[PDB]
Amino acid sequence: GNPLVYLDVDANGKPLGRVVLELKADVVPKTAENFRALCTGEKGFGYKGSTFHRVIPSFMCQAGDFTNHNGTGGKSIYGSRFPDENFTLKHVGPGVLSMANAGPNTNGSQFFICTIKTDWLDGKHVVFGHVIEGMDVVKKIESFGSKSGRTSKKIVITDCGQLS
């Protein structure tokens, strides 16, 4: 089966709630596993204590740079970067979970949760899951963003892990 993972998110030290994500290990097992292990922190590093560095209303919420905290970093459980597994899953609408990148075959740890259908990203960013519950929390994160992507509050992943 597919893993269920979670992100507990805060804004300036105040809890916003929980985002539960299904990771599509049935379609992209390598990409799903990388995200799963970064949530648990079982490799000695991961998302706990990192931020949503770029939040653009009516687009997406981007996070996962746990090394540089500015959008230039992060790393995968495999190494600094890994190939694009496939582009089978599409950016069909809000709640889609997909890999950020610096062009072809540059997946690391940065990811984004869509707040609209981002179909122009199909075949360019690897989709590997979706929001199961807590889309209201994603909308709360979205409200602290701007068209520049800059946030009005520091959005932190205070805790994360695996549910099943």
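Counting begins at 1, following the sequence as shown.
Annotation for 65-73 versus 30-38: the higher mean temperature factor (C-alpha) is found in 65-73. On average the C-alpha atoms of 134-142 have higher B-factors than those of the other stretch, with 97-105 and 134-142 being the two compared.
Remark: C114 belongs to the middle third of its chain, ranked by C-alpha B-factor as recorded. For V5, the recorded CA temperature factor ranks within the lowest third of the chain's modelled residues. Ranked within its chain, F52 lands in the middle third, by CA B factor from the PDB record.
Ranked within its chain, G129 lands in the lowest third, by CA B factor from the PDB record. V20: CA B factor in the middle third of modelled residues in this chain (values from the PDB entry).
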